[PDB]
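What follows is a single chain, given as structure tokens, in the form deposited in one PDB entry.
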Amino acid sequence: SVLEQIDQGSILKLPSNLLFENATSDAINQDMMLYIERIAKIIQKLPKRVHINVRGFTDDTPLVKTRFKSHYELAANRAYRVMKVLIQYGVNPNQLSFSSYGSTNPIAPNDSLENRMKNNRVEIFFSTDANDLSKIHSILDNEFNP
């Protein structure tokens, strides 16, 4: 699915070759722009405390004819560009950040065309900074340990 759940938040998975003109570009295709607007709009309906981290991943195919010096960098620029478009479409900048995994920790091994493709993605990870449990513990800790 485009949507996956883990215990500390939600992940929207956007394949990089739908998003970007080519293997080393960070320019977003016109036909996906309003798909990102649609993500910005649904963000406006989420709990006030939601944080949105735009995450870049790449396969490990060596970089060729590009100003980008590493996968880390390509992934960073990609996640950043998607985050920028979310801001254009009205998302509060104080609810956003971007991240880069480069070619590390792939979804699939980098040994087929299909697999490398899965490793090429931007994930939009939705979580919150909740700390009630942490406050609870700390207050009880200070009360019951010296």
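Here the rigid core means the biggest group of C-alpha atoms that line up within 1.5 Å when the two forms are laid on top of each other. Just count from 1 along the sequence shown to find any residue number.
Visitor: Taking the mean of the C-alpha B-factors per stretch from the entry, tell me the winner out of 42 to 50 and 95 to 103.
Guide: Higher mean C-alpha B-factor in the PDB entry: 42 to 50.
Visitor: Per the PDB entry, which option out of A23, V122, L18, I136 has the greatest Cα B factor?
Guide: Out of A23, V122, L18, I136, the record gives the largest C-alpha B-factor to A23.
Visitor: In terms of recorded Cα temperature factor, pick the maximum from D59, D31, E37, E114.
Guide: Most elevated C-alpha B-factor of the set, per the entry: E114.
Visitor: Pull the Cα B-factor of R55 out of the PDB entry and bin it into the chain's lowest, middle or highest third.
Guide: Ranked within chain, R55 CA B lands in the lowest tercile.
Same protein, other form: the form deposited in another entry, not shown, and the subject of what follows.
Visitor: Tell me whether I87 is among the residues that move between the shown form and the other one (Cα shift of 2 angstroms or more, core superposed).
Guide: Stays below the 2 Å threshold, so no.
Visitor: Quick check: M32 between the shown form and the other one - does its CA shift reach 2 Å or more after fitting the rigid core?
Guide: Yes: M32 shifts by at least 2 Å between the shown form and the other one.
Visitor: Given that the shift is 3 Å or more, do the Cα atoms of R49 and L133 end up closer or farther apart in that other deposited form than in this form?
Guide: Here the pair is farther apart than in that other deposited form; there, closer.
Visitor: Look at the CA atoms of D129 and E73: state whether they lie closer or farther apart in that other deposited form than in this form, given a difference of 3 Å or more.
Guide: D129 and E73 sit farther apart in that other deposited form.
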